[PDB]
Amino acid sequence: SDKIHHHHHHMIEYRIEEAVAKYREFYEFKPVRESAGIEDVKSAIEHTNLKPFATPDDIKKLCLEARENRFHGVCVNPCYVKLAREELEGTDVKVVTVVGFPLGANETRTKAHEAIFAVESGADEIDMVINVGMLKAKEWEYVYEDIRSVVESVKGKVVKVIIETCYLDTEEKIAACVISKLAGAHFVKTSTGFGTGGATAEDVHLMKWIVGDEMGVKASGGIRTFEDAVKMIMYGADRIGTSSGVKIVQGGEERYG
């Protein structure tokens, strides 16, 4: 009903304003952790290949690298979820895929179907993209329902919302986090890697600050080195999205081992 959705849109706007007011009065940028070691970095890494030209052989190599390095999970496009699941069968390495990715501009019902299909094919977690255009137009109820439909469709499974920080101002980043939390998502995530920018420590920390300890932040896009990964964890990242995990581990062992 319009009445119900209009009221709900209003309550979202007030929650966003509350967060912005608290940010303006109390926010300060500083680390959340003293340090981060090699094992902490491995445990945070979701080892990723989302290239449109990746082959089945590339995915097999990615899953092998995840086993060898003890990464948290792999992240692959939906067409390769079944393959990744078979390659990792018997291990604790998670299979993560992406929904409505990388543009976030699918019909909500397509996102919801893609998520359902992914879980049926063996995904443990879903990283979806927010509708950035609709967020920028302040259509909060649309953005809410878009995330909520995906969350409810795979309830019991982890859903991460990619907010695509590179296209947003500070208040829009805050709005994206607040809406993702209200909709029952488990993580917010910085970037698709297909936009104009990637993870910054400033964005990661703001996100963690807004969402709190009980919701995850995943830093992604441009994380190439051990130092990059450590920085993101020190400023509040719970997971890292990268395709450079092999070099990250090698740099950690070489420079800090």
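All residue numbers are counted from 1 along the displayed sequence.
Look at the C-alpha B-factors of 24-32 and of 43-51. On average they run higher in 24-32. When 245-253 is weighed against 13-21, 245-253 comes out higher, by mean CA B-factor as recorded in the entry.
The PDB entry assigns the greatest CA B-factor among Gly104, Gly73, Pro78, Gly90 to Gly90. In the deposited entry, the Cα temperature factor of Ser180 places it in the middle third of its chain's modelled residues.
In the deposited entry, the Cα temperature factor of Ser149 sits in the middle third of values across the chain's modelled residues.
Placement of the Cα temperature factor of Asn69 within the chain: highest third of the modelled residues, per the deposited record. Sort the chain's modelled residues by C-alpha temperature factor and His186 lands in the middle third, per the entry.
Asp169: CA B factor lies in the highest third for its chain, per the PDB record.
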